[PDB]
Every structure is written in C-alpha cells, then in structure tokens.
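A.B. asks: This structure is in structure tokens; I'll ask about it shortly.
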Protein chains: 4
Amino acid sequence: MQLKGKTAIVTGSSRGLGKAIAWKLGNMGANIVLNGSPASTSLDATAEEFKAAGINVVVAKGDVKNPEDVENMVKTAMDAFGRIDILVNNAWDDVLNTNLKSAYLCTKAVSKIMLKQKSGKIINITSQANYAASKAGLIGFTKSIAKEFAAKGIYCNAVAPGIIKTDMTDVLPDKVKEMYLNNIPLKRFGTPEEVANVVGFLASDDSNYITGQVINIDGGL
Amino acid sequence: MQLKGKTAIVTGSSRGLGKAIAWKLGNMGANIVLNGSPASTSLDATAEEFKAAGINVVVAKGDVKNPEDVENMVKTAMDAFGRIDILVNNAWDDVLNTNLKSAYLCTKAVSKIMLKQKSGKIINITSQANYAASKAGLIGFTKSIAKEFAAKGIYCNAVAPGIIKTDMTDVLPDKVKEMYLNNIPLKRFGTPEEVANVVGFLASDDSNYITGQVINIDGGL
Amino acid sequence: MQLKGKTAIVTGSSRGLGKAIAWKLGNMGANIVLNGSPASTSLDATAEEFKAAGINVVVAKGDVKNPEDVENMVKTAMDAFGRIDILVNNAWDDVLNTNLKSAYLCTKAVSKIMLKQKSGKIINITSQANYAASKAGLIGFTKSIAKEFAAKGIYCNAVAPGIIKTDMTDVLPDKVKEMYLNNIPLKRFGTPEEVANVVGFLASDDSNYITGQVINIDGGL
Amino acid sequence: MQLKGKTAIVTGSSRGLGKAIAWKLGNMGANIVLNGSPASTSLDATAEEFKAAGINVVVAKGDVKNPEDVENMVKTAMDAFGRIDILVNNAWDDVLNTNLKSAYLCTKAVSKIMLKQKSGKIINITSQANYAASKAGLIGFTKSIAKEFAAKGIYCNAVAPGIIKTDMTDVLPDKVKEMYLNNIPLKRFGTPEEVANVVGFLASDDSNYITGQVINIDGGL
C-alpha cells in the first residue's frame with residue numbers, strides 16, 4: 001500500500017500507543033522495526049502478531065535513552081532492510097531524559113542515514129512542570145530539526161495527543177472520568193488508533209510539503 | 001473508498017485549488033457539489049470531466065459572498081444528495097468579503113444541516129494588511145466554530161497553504177522566483193494536489209478527534 | 001514625565017477603558033486627543049476632568065468607523081499639537097466594522113504622519129464567532145502593520161484583555177460571577193487601570209525594540 | 001521608587017545582561033541579590049559599583065545549576081533582606097542544564113518563600129537544536145509554573161530576546177553583521193538596557209494581571 005518498500009522505526013512500540021502506531025504503519029505496507037526493553041514480556045508476542053498479519057518485522061531490544069542501544073536499533077534496521085524512511089520517536093532528570101533525550105539521540109543517529117537517502121520523515125510524539133517543559137522542548141526540537149534538514153528533503157513534525165484511552169483511563173472512577181470528559185470540547189477521550197492514523201498521515205506522501213508542524217489530536221482541548 | 005456515500009461541497013471549485021480539492025474528494029468516493037460563477041467557462045467543462053472519471057457531481061452556480069446564492073448552493077446539495085458531510089470553504093471591504101464573509105455564510109447555512117446529522121466536517125482554506133487580517137480572521141473563526149459545535153460532533157479545521165504552484169508562479173521571472181524559493185526551507189513551491197491531499201485527510205476518518213486546528217502546508221515557511 | 005511633549009490619540013475614550021487609557025497617558029505627560037460621539041454626555045465632562053488634572057487635551061468628536069471623522073480626528077490632533085506619537089485603537093458586518101475597520105482606517109491615516117516623523121507607536125486594543133474572527137483579525141492586522149513599518153521606526157503592538165471590571169461585571173449575579181472567576185487562574189477580574197498601565201508600557205521607551213507582539217492581560221486565562 | 005522595600009534575585013548577574021537587569025531593578029529601588037561564580041573577577045567590582053550608586057546589594061557566590069548553591073543563594077537573600085519578591089532566572093546535557101535546569105531549581109527553592117508571602121514575580125530569560133529545545137522548554141516551564149501558582153498570587157512570565165548588542169556583536173565582521181541586521185525588521189540589534197527595561201516592567205505593578213506570558217523583544221524577528 002502507501003508505504004510499500006519503506007522502513008519505519010517506532011520507538012517504545014512493545015505495547016500501547018507505540019504498538020498501535022507500528023500496527024498502522026505495518027498495515028500501510030511498511031517494514032517495521034519494533035523497539036522495547038529486553039525484559040518486555042509483550043515485545044516478542046507483538047512481533048509474532050505482526051508477522052501473522054503479514055507485516056515484515058524485526059525487533060531491536062534496548063533502551064533508546066542510551067547511545068549504545070540507539071546504535072544497535074539503527075544497526076538492526078539497516079541489517080534487516082538497508083534503509084530508514086520513517087522514525088517515530090515515541091516515549092526532573094528522568095522526565096527530560098525519557099521523552100526528550102531519546103528523541104534527540106534517535107534523530108541524531110537516523111538523520112545520518114536519511115541524509116544519504118536525501119529522504120526521510122521524523123515524527124515526534126509528545127508524552128506537571130517537568131512534563132510541560134519536556135513537551136514544549138520536544139516541540140521546539142521538532143521545529144529546529146525541520147528547519148535544519150529541510151534543504152535536504154528530510155521532514156520533521158510532531159503529534160501532540162490530549163487524553164487518550166488507556167488501561168488506566170478505563171478503570172478511572174466515574175466522577176474523575178466525568179471531570180476530564182467535561183473539560184474536552186468533543187466530550188470523549190481519543191483512541192490509540194486515532195493517534196496512529198495521524199502518524200499514518202505524517203508518514204505518507206499525503207503530508208508532503210508539511211514540515212516543522214505540530215498536529216494536536218486532543219478533541220479541541 | 002474513504003468517502004463513499006458522503007457529500008462534499010467545495011466552494012470556488014471551477015478551477016485551480018478548489019477544483020483540485022474537489023477532484024481529490026471525488027476520487028475518495030464522495031458526491032461532489034461544485035461551485036462557481038454562472039459566467040464560468042470552466043465550471044461546466046470541469047463537471048463533465050468529473051462525471052467521465054466516475055464522480056457523482058452536481059453544480060451550484062452563484063457567488064457565495066451573497067446569502068441567496070449560499071441558500072441555492074445548500075438547496076442544490078440537498079436536492080441532489082439529501083445530506084452534507086463536508087464543507088470546504090475555498091475563496092479592504094472586498095478582501096474581507098471574499099475570503100472571510102463567504103466562509104461565515106456557508107458555515108452558518110451548512111451547520112443547520114450538520115446539526116441534524118450530528119455529523120460534519122468544515123474545512124476552511126486560507127487565501128498585504130488586508131490579506132493578513134483576513135487570513136488571521138478565518139483562523140480565529142475556525143477555532144470559534146470548532147469550540148461551538150464540538151459538543152454536537154461537528155469538526156472545524158483550517159488549511160493554510162504557503163506559496164503554491166499556479167499559472168502565475170510558472171511565468172514568474174527566474175530572479176523573482178529564486179527570491180521566493182530561497183525563502184522557503186524546502187526550497188520549492190507546494191502543489192494544488194498536496195493541498196488537496198491535506199483536505200482529503202481532514203475530510204476522512206483519519207483526522208477524527210482533531211478539531212480547531214490549522215495545518216500549515218508551506219514547506220516550513 | 002515619560003511622554004512629555006508627545007501626543008497620543010486614544011479612540012473611544014469618552015468613557016470606560018478608553019478613558020482610563022487616555023488618563024494614564026495624560027498623567028505620563030502626553031498631550032491627549034480624546035475621541036467619542038458628538039452625542040456623548042460624558043465626552044465634554046471627561047475633557048474638563050483631564051484639564052483640571054493638568055493634562056493638555058483636545059477633543060475630536062465623531063465615529064472612527066467613518067473616513068471623514070477619521071480625517072477630522074487627525075486634523076484636530078495636528079491643529080492642536082502638530083504631531084502624533086501614539087495611536088491607541090480602542091473600539092457580522094457591525095462587529096467587523098466597529099473593532100477592526102476603525103483600527104484599519106485610523107492606522108492608515110495616522111501612519112502618513114508617523115512616516116514623516118520616522119517615529120510612532122500604534123497600540124491596538126482587542127474587544128461569539130464574529131468577535132473571535134474580529135479579535136484574531138486585529139491581531140493579524142497588528143503583526144502585518146508592524147512588519148510593514150518596522151524599517152521606518154514605527155511600532156505596532158496589541159493588548160488583549162481578558163475579563164475586565166465594568167459596570168456590567170459589578171452587577172453580575174453572584175453565581176454567574178463565580179463561574180467566570182473560577183475559570184481564571186488568578187481568580188479575579190482585571191481592572192481598566194491595569195490595561196491602561198500595559199498601554200502605558202507600550203507607549204513608553206521601556207518597550208523599545210518590541211514590535212508585532214500581543215500582550216495578553218487576562219489573569220492566565 | 002517602584003520597587004522600594006522589595007528584594008530581587010538576579011541569577012548570572014556579574015556581567016552582561018544579568019548585570020544590566022539587576023542595575024535597572026536596583027535603580028527602581030529594589031534590594032538586589034547578585035549571583036555569579038566565586039571565580040568571577042567582575043562580581044565584586046559590580047557589587048561595589050551598585051553600592052556607590054546607592055543600591056542595597058548582597059552577593060551570592062556559586063553556580064545555580066547546583067542545589068547546594070541554590071540553597072545558599074536563597075539563604076543569603078533571606079539573611080540579608082528577609083524576603084524575595086522577584087526572581088529573575090538568567091543563564092546536549094550542558095545546554096539543558098545551564099539554561100533550563102537552573103531556572104527549575106531556583107524557582108522550586110524561591111517558590112517556597114513566595115507561597116508564604118502569597119506574593120512574587122518569577123521572570124525567566126531565554127538564552128542549534130539544543131538551544132531551540134531549551135528555549136522552548138523554558139517557555140513551557142514558565143507557562144506551567146504560572147498556571148500552578150496563579151491561585152496563590154505568584155506570577156511567572158518570560159522575556160525572549162532576539163539579537164542583543166554584546167562584546168561579540170561589536171567585533172562582528174561587517175558582512176556577517178549586515179546579514180543579521182538585514183534579517184531583523186527593525187534593522188538594528190537590541191540592547192541590554194532594553195531587555196532590562198522589559199524585566200523592569202514585569203517586576204513592577206504595571207504588569208499586574210499578566211501571567212504565563214512571553215514577551216519577545218527581538219525587533220520583529
């Protein structure tokens with residue numbers, strides 16, 4: 001389909017949002033590099049599920065907050081598929097390290113390969129003051145990277161989800177759930193699939209000529 | 001395909017960007033209501049082209065800056081297809097009347113029908129101080145409408161194109177063209193098809209849960 | 001004081017916010033041109049109050065939504081003081097005409113004089129979809145004018161007040177008042193004097209090098 | 001004057017922008033806590049200059065990227081003046097640590113005292129991808145802190161300078177200088193005094209009711 005013969009790396013893709021994003025890209029025809037902890041019980045199961053659905057998938061085990069694991073991830077992608085068309089960066093000190101620093105390291109490593117291709121899409125997914133600074137940081141980073149690599153044909157955009165349906169939100173007390181729901185103009189939580197569909201758009205040719213942008217998927221919040 | 005059995009009204013769709021937008025929506029399976037001046041030489045030709053390509057199309061002739069023509073447009077849509085799922089608003093006194101006032105009147109008229117459906121997507125396309133105020137006005141209008149109709153399931157978003165390939169840009173002197181190109185990070189003009197693809201995204205279920213947003217398609221400008 | 005020997009025109013300054021703005025500028029040492037309807041009972045009283053406080057004041061009677069009255073206003077300023085250093089623009093068809101069109105006409109007229117001076121500060125004060133489009137329009141207009149006249153030393157900025165204390169807010173039912181107050185992080189309404197103080201800043205040399213900006217004075221709303 | 005009997009802490013205030021900011025606040029009548037490295041040749045000279053000008057000044061020596069020095073700074077302020085009304089936060093791992101982490105630690109420490117006062121103003125001064133993320137991070141942090149402490153009367157705003165006159169810019173080659181100047185609508189660099197004047201505004205009662213805002217002082221850039 002839309003991403004036939006392309007390779008997408010999705011960080012933090014063993015479960016939840018990352019898995020849904022990788023699932024959508026896989027079903028658009030992309031070769032998938034899943035990423036997660038070596039200690040993940042779900043990582044291997046997820047890969048087998050993808051393969052059974054007809055998605056070509058390799059697994060890079062490690063923590064993308066560490067340079068050595070980032071290098072491994074890139075090497076397993078290249079060994080498997082020989083190219084990287086799409087990087088999805090999905091993931092006080094611990095907060096800025098987890099979200100923002102992983103995005104920085106992965107972008108730095110993958111950009112080397114995208115520059116040789118003269119092609120590539122980098123899509124950053126955003127995750128109180130610690131989170132706010134990290135989120136805004138990732139957006140500024142996005143816009144900076146977009147500006148820097150625009151001349152070379154490489155895209156960088158961000159997706160900023162509002163409140164998305166999780167295992168936690170499902171078990172929310174009805175009163176605390178109604179308080180959040182009442183603060184969202186659309187009066188419902190978003191879904192992992194909706195976020196995945198927006199990343200699908202940003203990965204496809206349908207989003208050509210869009211760079212340095214943030215798409216808020218938050219129900220008008 | 002994605003918009004099978006849905007009806008899209010695209011204002012100013014006899015030629016250029018509007019025609020490209022209507023073409024994309026048509027090819028996604030939507031019933032199309034084209035709009036343009038009764039004096040258009042291209043309007044009828046465009047409709048025949050769409051029909052030959054297998055797109056179900058009706059034509060509403062008039063100027064959408066006038067209430068009576070807006071009512072006609074809505075009536076021809078309803079007479080033809082019985083519903084309106086998508087409105088694309090594409091188009092000192094003359095500046096604010098052409099862009100912004102047409103968007104206001106069409107939204108007001110179509111919103112009545114979308115409220116009964118409890119479903120609908122309104123997509124506003126932006127067009128020196130006169131243009132700047134109009135553009136910013138249309139964006140504020142977009143965000144206001146989104147907030148107002150969110151509770152009822154109706155979406156409102158905007159697409160803001162930068163410099164797009166036209167008949168005018170093609171005949172631009174090479175020096176004036178190079179001056180514009182050098183001010184765009186991606187170092188090329190956008191295309192009508194690219195804008196059409198973004199409207200395609202905003203019209204489809206892939207953009208569910210996104211409201212009150214502006215997508216800049218400007219090559220990082 | 002700070003504005004000694006300078007002339008400020010404040011539109012809609014017979015009462016309320018405009019009067020408070022003109023009062024602050026007057027007390028900073030500026031020559032003041034008050035503006036209001038010929039039918040104003042308060043305009044003359046306000047001018048006499050200013051004079052008794054030691055402020056040099058002239059009155060331009062008319063509606064600044066009309067070109068002829070705009071010309072009169074400019075002429076009474078020039079006849080009185082021979083220069084214009086500061087213009088404060090304070091004020092579906094009726095909405096866009098009142099706020100935005102007055103700002104456009106006054107700026108156009110005053111800019112001719114500021115260009116000869118190679119000096120000047122234009123400060124636009126913002127006033128549901130009609131209001132939202134008008135407000136956003138005035139902001140886009142502000143940014144456009146700033147860009148256009150930057151090379152010539154002329155500044156353009158905007159002040160965007162949130163909920164400000166009025167005669168209407170004072171008589172608000174306690175329950176409707178508590179609903180608004182609870183939606184403002186600072187948990188109080190703003191005052192006309194606070195807005196006036198921000199305009200005072202934008203009129204003074206303390207705001208040199210700031211152009212094309214909007215200052216939100218809304219208690220974090 | 002405006003800040004009589006108030007205490008302002010200005011981080012990184014031994015020289016340059018920080019010194020100019022502290023100078024302005026001092027001359028508005030504030031008690032000043034200067035901050036800089038124990039190895040600073042200029043810190044002591046600067047304090048003596050302030051004292052000779054009639055400014056009440058104490059010096060906190062240390063690096064505000066370290067918790068122990070932040071505690072010292074707060075303790076020297078409290079020992080000297082018994083209160084803190086104004087904190088000015090002025091200053092890949094090294095980039096995020098220098099700008100953003102110092103702002104975080106100082107705000108955290110000073111906020112404890114401001115909460116007891118139920119009064120306080122925190123003013124963050126912004127400093128390629130590393131800088132962009134840090135700058136955007138500090139802005140998001142600002143907005144978060146403002147939201148968090150609004151209920152308690154504590155303000156948080158940011159100042160974002162564009163290109164400001166330094167010792168480096170003065171010795172810039174004329175061609176590289178003309179390239180920067182041509183990219184600024186006002187066609188000149190800003191000055192440390194201009195930045196200081198904006199902080200002066202944000203420290204004074206003239207900026208009451210403004211919170212969670214960023215003032216760009218960049219000549220329209």
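Here, A, B, ... name the chains of the structure tokens in the order displayed, residue numbers run from 1 inside each chain, and ligands are numbered from 1 in the same displayed order.
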Quick check for you: according to DSSP on this backbone, which residues of stretch 5-64 of chain B are classed as alpha helix (DSSP H)? Reply as a PDB file with N, CA and C atoms, in the first residue's frame.
C.D. replies:
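New file selection-v7.pdb:
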```pdb
ATOM      1  N   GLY B  16      -8.410  25.682 -10.572  1.00  0.00           N
ATOM      2  CA  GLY B  16      -7.312  25.863  -9.631  1.00  0.00           C
ATOM      3  C   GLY B  16      -7.403  24.983  -8.400  1.00  0.00           C
ATOM      4  N   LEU B  17      -7.125  25.576  -7.249  1.00  0.00           N
ATOM      5  CA  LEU B  17      -7.076  24.849  -5.985  1.00  0.00           C
ATOM      6  C   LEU B  17      -8.397  24.162  -5.623  1.00  0.00           C
ATOM      7  N   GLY B  18      -9.508  24.864  -5.837  1.00  0.00           N
ATOM      8  CA  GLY B  18     -10.831  24.353  -5.494  1.00  0.00           C
ATOM      9  C   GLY B  18     -11.157  23.120  -6.300  1.00  0.00           C
ATOM     10  N   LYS B  19     -10.851  23.180  -7.596  1.00  0.00           N
ATOM     11  CA  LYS B  19     -11.026  22.052  -8.494  1.00  0.00           C
ATOM     12  C   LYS B  19     -10.170  20.849  -8.073  1.00  0.00           C
ATOM     13  N   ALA B  20      -8.906  21.093  -7.717  1.00  0.00           N
ATOM     14  CA  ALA B  20      -8.019  20.020  -7.260  1.00  0.00           C
ATOM     15  C   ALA B  20      -8.545  19.367  -5.969  1.00  0.00           C
ATOM     16  N   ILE B  21      -9.011  20.193  -5.038  1.00  0.00           N
ATOM     17  CA  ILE B  21      -9.626  19.707  -3.790  1.00  0.00           C
ATOM     18  C   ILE B  21     -10.860  18.841  -4.064  1.00  0.00           C
ATOM     19  N   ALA B  22     -11.771  19.337  -4.905  1.00  0.00           N
ATOM     20  CA  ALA B  22     -12.970  18.586  -5.284  1.00  0.00           C
ATOM     21  C   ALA B  22     -12.631  17.286  -6.026  1.00  0.00           C
ATOM     22  N   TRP B  23     -11.636  17.340  -6.918  1.00  0.00           N
ATOM     23  CA  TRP B  23     -11.105  16.152  -7.594  1.00  0.00           C
ATOM     24  C   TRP B  23     -10.624  15.078  -6.608  1.00  0.00           C
ATOM     25  N   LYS B  24      -9.879  15.480  -5.581  1.00  0.00           N
ATOM     26  CA  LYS B  24      -9.373  14.504  -4.617  1.00  0.00           C
ATOM     27  C   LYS B  24     -10.539  13.883  -3.819  1.00  0.00           C
ATOM     28  N   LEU B  25     -11.456  14.727  -3.359  1.00  0.00           N
ATOM     29  CA  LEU B  25     -12.594  14.245  -2.573  1.00  0.00           C
ATOM     30  C   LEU B  25     -13.476  13.322  -3.409  1.00  0.00           C
ATOM     31  N   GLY B  26     -13.695  13.709  -4.668  1.00  0.00           N
ATOM     32  CA  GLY B  26     -14.436  12.895  -5.617  1.00  0.00           C
ATOM     33  C   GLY B  26     -13.820  11.523  -5.774  1.00  0.00           C
ATOM     34  N   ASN B  27     -12.493  11.481  -5.897  1.00  0.00           N
ATOM     35  CA  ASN B  27     -11.794  10.218  -6.091  1.00  0.00           C
ATOM     36  C   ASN B  27     -11.682   9.370  -4.834  1.00  0.00           C
ATOM     37  N   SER B  42     -15.247  27.454 -17.441  1.00  0.00           N
ATOM     38  CA  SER B  42     -14.631  26.215 -16.959  1.00  0.00           C
ATOM     39  C   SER B  42     -15.541  25.327 -16.097  1.00  0.00           C
ATOM     40  N   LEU B  43     -16.520  25.923 -15.413  1.00  0.00           N
ATOM     41  CA  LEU B  43     -17.392  25.187 -14.481  1.00  0.00           C
ATOM     42  C   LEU B  43     -18.049  23.947 -15.094  1.00  0.00           C
ATOM     43  N   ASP B  44     -18.683  24.127 -16.252  1.00  0.00           N
ATOM     44  CA  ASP B  44     -19.371  23.030 -16.930  1.00  0.00           C
ATOM     45  C   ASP B  44     -18.385  21.969 -17.426  1.00  0.00           C
ATOM     46  N   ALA B  45     -17.280  22.414 -18.034  1.00  0.00           N
ATOM     47  CA  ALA B  45     -16.229  21.505 -18.509  1.00  0.00           C
ATOM     48  C   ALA B  45     -15.697  20.646 -17.367  1.00  0.00           C
ATOM     49  N   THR B  46     -15.418  21.295 -16.234  1.00  0.00           N
ATOM     50  CA  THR B  46     -14.947  20.631 -15.011  1.00  0.00           C
ATOM     51  C   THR B  46     -15.926  19.558 -14.524  1.00  0.00           C
ATOM     52  N   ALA B  47     -17.216  19.896 -14.456  1.00  0.00           N
ATOM     53  CA  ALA B  47     -18.252  18.920 -14.086  1.00  0.00           C
ATOM     54  C   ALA B  47     -18.295  17.705 -15.017  1.00  0.00           C
ATOM     55  N   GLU B  48     -18.181  17.942 -16.327  1.00  0.00           N
ATOM     56  CA  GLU B  48     -18.177  16.856 -17.309  1.00  0.00           C
ATOM     57  C   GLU B  48     -16.947  15.960 -17.160  1.00  0.00           C
ATOM     58  N   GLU B  49     -15.793  16.582 -16.926  1.00  0.00           N
ATOM     59  CA  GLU B  49     -14.564  15.853 -16.611  1.00  0.00           C
ATOM     60  C   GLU B  49     -14.714  14.937 -15.389  1.00  0.00           C
ATOM     61  N   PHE B  50     -15.318  15.461 -14.325  1.00  0.00           N
ATOM     62  CA  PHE B  50     -15.575  14.697 -13.100  1.00  0.00           C
ATOM     63  C   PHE B  50     -16.488  13.500 -13.359  1.00  0.00           C
ATOM     64  N   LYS B  51     -17.580  13.736 -14.087  1.00  0.00           N
ATOM     65  CA  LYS B  51     -18.536  12.683 -14.443  1.00  0.00           C
ATOM     66  C   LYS B  51     -17.887  11.568 -15.264  1.00  0.00           C
ATOM     67  N   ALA B  52     -17.059  11.948 -16.241  1.00  0.00           N
ATOM     68  CA  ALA B  52     -16.341  10.979 -17.071  1.00  0.00           C
ATOM     69  C   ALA B  52     -15.377  10.113 -16.248  1.00  0.00           C
TER      70      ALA B  52
END
```
A.B. asks: Show me, as a list in words, the residues that have an atom within 9 Å of residue B:126 when counting only C-alpha atoms, minus same-chain residues fewer than 5 positions from it.
C.D. replies: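 The residues satisfying every condition are residues 89, 90, 91, 99, 100, 134, 135, 136, 138, 139, 158, 159, 160 and 161 of chain B.
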A.B. asks: Please identify every residue of chain D that has at least one atom no more than 9 Å from any atom of chain A, counting only C-alpha atoms, and report them as a tab-separated table (two decimals) with N, CA, C and O atoms, in the first residue's frame.
C.D. replies:
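selection.tsv, written as the output of this step:
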```tsv
chain	number	residue	atom	x	y	z
D	92	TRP	N	24.58	18.45	24.63
D	92	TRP	CA	23.14	18.45	24.89
D	92	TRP	C	22.85	18.62	26.38
D	92	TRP	O	22.04	19.46	26.77
D	100	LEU	N	17.85	25.75	31.40
D	100	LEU	CA	16.59	25.24	31.93
D	100	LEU	C	16.66	24.70	33.36
D	100	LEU	O	15.78	25.00	34.18
D	101	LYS	N	17.68	23.90	33.66
D	101	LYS	CA	17.78	23.28	34.98
D	101	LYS	C	18.00	24.30	36.11
D	101	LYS	O	17.41	24.15	37.18
D	104	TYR	N	14.64	25.86	36.82
D	104	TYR	CA	13.86	24.90	37.59
D	104	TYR	C	14.21	24.88	39.09
D	104	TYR	O	13.32	24.95	39.94
D	128	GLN	N	22.33	24.11	17.70
D	128	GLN	CA	21.12	24.88	17.40
D	128	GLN	C	19.87	24.19	17.95
D	128	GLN	O	19.03	24.85	18.56
D	129	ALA	N	19.76	22.88	17.74
D	129	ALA	CA	18.62	22.09	18.23
D	129	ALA	C	18.57	22.07	19.76
D	129	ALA	O	17.49	22.16	20.35
D	130	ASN	N	19.75	21.96	20.38
D	130	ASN	CA	19.91	22.03	21.83
D	130	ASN	C	19.37	23.34	22.40
D	130	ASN	O	18.62	23.34	23.38
D	131	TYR	N	19.75	24.46	21.79
D	131	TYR	CA	19.29	25.78	22.21
D	131	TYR	C	17.79	25.94	21.97
D	131	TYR	O	17.07	26.46	22.83
D	132	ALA	N	17.32	25.49	20.81
D	132	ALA	CA	15.90	25.58	20.45
D	132	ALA	C	15.00	24.82	21.43
D	132	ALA	O	13.98	25.35	21.88
D	133	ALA	N	15.40	23.59	21.78
D	133	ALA	CA	14.66	22.77	22.74
D	133	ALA	C	14.66	23.38	24.14
D	133	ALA	O	13.63	23.33	24.83
D	134	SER	N	15.81	23.93	24.55
D	134	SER	CA	16.00	24.58	25.84
D	134	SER	C	15.15	25.83	25.96
D	134	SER	O	14.49	26.05	26.97
D	135	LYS	N	15.18	26.66	24.92
D	135	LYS	CA	14.39	27.88	24.87
D	135	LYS	C	12.89	27.56	24.96
D	135	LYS	O	12.18	28.17	25.76
D	136	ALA	N	12.42	26.62	24.14
D	136	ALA	CA	11.01	26.22	24.12
D	136	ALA	C	10.61	25.56	25.43
D	136	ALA	O	9.48	25.73	25.91
D	137	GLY	N	11.54	24.79	25.99
D	137	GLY	CA	11.38	24.16	27.30
D	137	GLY	C	11.16	25.18	28.39
D	137	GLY	O	10.25	25.03	29.21
D	138	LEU	N	11.98	26.23	28.40
D	138	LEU	CA	11.87	27.28	29.42
D	138	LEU	C	10.54	28.02	29.32
D	138	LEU	O	9.95	28.40	30.33
D	139	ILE	N	10.06	28.21	28.09
D	139	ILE	CA	8.75	28.83	27.84
D	139	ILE	C	7.59	27.94	28.35
D	139	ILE	O	6.66	28.44	29.00
D	140	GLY	N	7.65	26.65	28.06
D	140	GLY	CA	6.65	25.70	28.56
D	140	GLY	C	6.68	25.63	30.08
D	140	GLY	O	5.64	25.57	30.73
D	141	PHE	N	7.89	25.65	30.63
D	141	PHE	CA	8.10	25.67	32.09
D	141	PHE	C	7.44	26.90	32.71
D	141	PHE	O	6.68	26.78	33.67
D	142	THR	N	7.73	28.07	32.14
D	142	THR	CA	7.11	29.35	32.50
D	142	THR	C	5.60	29.26	32.59
D	142	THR	O	5.01	29.69	33.59
D	143	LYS	N	4.98	28.72	31.55
D	143	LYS	CA	3.54	28.66	31.43
D	143	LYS	C	2.95	27.69	32.45
D	143	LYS	O	1.87	27.94	32.99
D	144	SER	N	3.66	26.59	32.69
D	144	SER	CA	3.30	25.58	33.69
D	144	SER	C	3.31	26.16	35.11
D	144	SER	O	2.33	26.02	35.83
D	145	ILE	N	4.42	26.79	35.48
D	145	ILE	CA	4.60	27.46	36.78
D	145	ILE	C	3.55	28.55	37.03
D	145	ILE	O	3.01	28.68	38.14
D	148	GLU	N	0.28	26.85	37.80
D	148	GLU	CA	0.36	26.19	39.11
D	148	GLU	C	0.24	27.15	40.29
D	148	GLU	O	-0.40	26.82	41.30
```
A.B. asks: By how many Å are atom CA of residue C:65 and atom CA of residue C:98 apart?
C.D. replies: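 Calculated distance between atom CA of residue C:65 and atom CA of residue C:98 is 6.3 Å.
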A.B. asks: Using only C-alpha atoms, pick whichever of A:165, A:15, A:61, A:121 has the shortest atom-to-atom distance to residue A:209.
C.D. replies: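 Residue with the minimum atom-to-atom distance to residue A:209: A:121.
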